[PDB]
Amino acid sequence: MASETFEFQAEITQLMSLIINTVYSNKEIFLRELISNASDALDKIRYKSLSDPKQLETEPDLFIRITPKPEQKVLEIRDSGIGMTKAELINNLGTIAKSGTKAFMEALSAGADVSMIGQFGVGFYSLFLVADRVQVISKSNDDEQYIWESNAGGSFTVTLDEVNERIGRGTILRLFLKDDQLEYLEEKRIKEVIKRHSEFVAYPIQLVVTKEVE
């Protein structure tokens, strides 16, 4: 598959740098940000399905699912929400600087809690606290499955998905964790963070665990 390359909006890049380099502690917050988005996307499919029940048939179950993958140092966060089409992947995750991107960078500088990122509607980028490379794998009812990829550089890429498993509907966040952030592949740590900061979530939050049989 041919891949297409795009430059990040100049302030989105700034922000990613202020994230990767400016904030230190409380990096566990990336999880609630990515669970929050998962819920906000599941909300939209559940709303749309009220007047278009057929929207749900491509994936009748509404859930949030986290999968630790120790071997490839990867943490994945899936939902069966509304999904994103190629154009939205492009617009919502790079080319267009969502209103508030610069505002949070300013807030942050004046002395703001990095945990307030979500209230500026930029929570997505908080993932770079624990990861240096990310794959966003989406499937909308109205397009094929695609892969959006950023390595924290200045650009990103979108490629028709012919390599990943078929998600019926929704999105997968394949975070490639930093060597010093691998505690998030642990069942207990994840399970902790989730209970402390994600109590009021309307959807099933499944944790996928792999254990050798003795």
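Residues carry their position along the shown sequence, with the first being 1. What we label the rigid core is the largest C-alpha set whose atoms superpose within 1.5 Å from one form to the other.
Participant: Line up the rigid core: which moves more in 8 other deposited structures of this protein, 124-132 or 101-109, by C-alpha RMS?
Facilitator: Between 124-132 and 101-109, greater C-alpha deviation in 8 other deposited structures of this protein belongs to 101-109.
Participant: So which moves more in 8 other deposited structures of this protein by CA, 167-175 or 30-38, given a superposition on the core?
Facilitator: Once the cores are fitted, 30-38 deviates more in 8 other deposited structures of this protein.
Participant: On mean Cα temperature factor in this entry, is 3-11 or 203-211 the higher one?
Facilitator: Mean B over CA atoms: larger for 3-11.
Participant: When the Cα temperature factors in the entry are averaged, is it 23-31 or 60-68 that ends up higher?
Facilitator: Higher of the two, by average CA B-factor, is 23-31.
Participant: Return the residue from 159, 55, 51, 37 that has the highest Cα B-factor in the entry.
Facilitator: That would be 51.
Participant: Kindly indicate the residue among 97, 136, 77, 117 with the greatest C-alpha B-factor in the PDB record.
Facilitator: When the deposited C-alpha B-factors of 97, 136, 77, 117 are compared, 97 is largest.
Participant: Mind checking which third residue 47 falls in for C-alpha B-factor across the chain?
Facilitator: For residue 47, the deposited C-alpha B-factor lands in the lowest third.
Participant: Split into thirds by Cα B-factor across the chain's modelled residues, where does residue 142 land: lowest, middle or highest?
Facilitator: CA B-factor rank for residue 142: middle third.
Participant: Split the chain's modelled residues into thirds by Cα B-factor; is residue 88 in the lowest, middle or highest one?
Facilitator: Answer is lowest: the recorded C-alpha B-factor places it there.
Participant: Place residue 109 in the lowest, middle or highest third of its chain's C-alpha B-factors, as listed in the PDB entry.
Facilitator: For residue 109, whose C-alpha B-factor we compare with every modelled residue in the chain, the answer is the middle third.
Participant: Please say which third, lowest, middle or highest, residue 183 falls into when its CA temperature factor is compared across its chain.
Facilitator: Middle third by C-alpha B-factor.
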